[PDB]
Amino acid sequence: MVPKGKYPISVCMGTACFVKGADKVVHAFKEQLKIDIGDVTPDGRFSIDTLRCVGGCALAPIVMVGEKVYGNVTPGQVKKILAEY
Ligand code: FES
């Protein structure tokens, strides 16, 4: 909402995936938003929520941002894919 939500990003923080210590790496992402007043590059590129993701996906790498579907999640991919976000 404050972050526009151009790319509604779906990030798994579910029970199974979360236990693998993904939280700290997604935390990187959290700060990777780094925002402005709304988002990253005052827009609202990010609209992160779990709810879509955690849907039977993990045997591929999934990262969704809106109708964009990227790879900026948790395990290091964040920083580089942040240039993408
Ligand atoms: S349950 Fe971890 S990826 Fe959609």
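Shown for chain A, in order and in Swiss-Prot numbering: 87-171.
Cβ from N, Cα, C; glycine included.
As recorded in Swiss-Prot:
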BINDING   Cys98, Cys103, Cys139, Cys143  [2Fe-2S] cluster binding site
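Listed in chain order, the extra residues whose Cβ falls within 8 Å of the Cβ center of the [2Fe-2S] cluster site residues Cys98, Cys103, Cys139, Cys143 are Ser96, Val97, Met99, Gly100, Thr136, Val140, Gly141, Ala144, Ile148. According to DSSP, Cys103 ([2Fe-2S] cluster binding site) sits within a helical segment. Of the listed binding-site residues, namely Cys98, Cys103, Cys139, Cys143, the sparsest Cβ surroundings within 10 Å are found at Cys143. Secondary structure from DSSP puts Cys98 ([2Fe-2S] cluster binding site) in coil.
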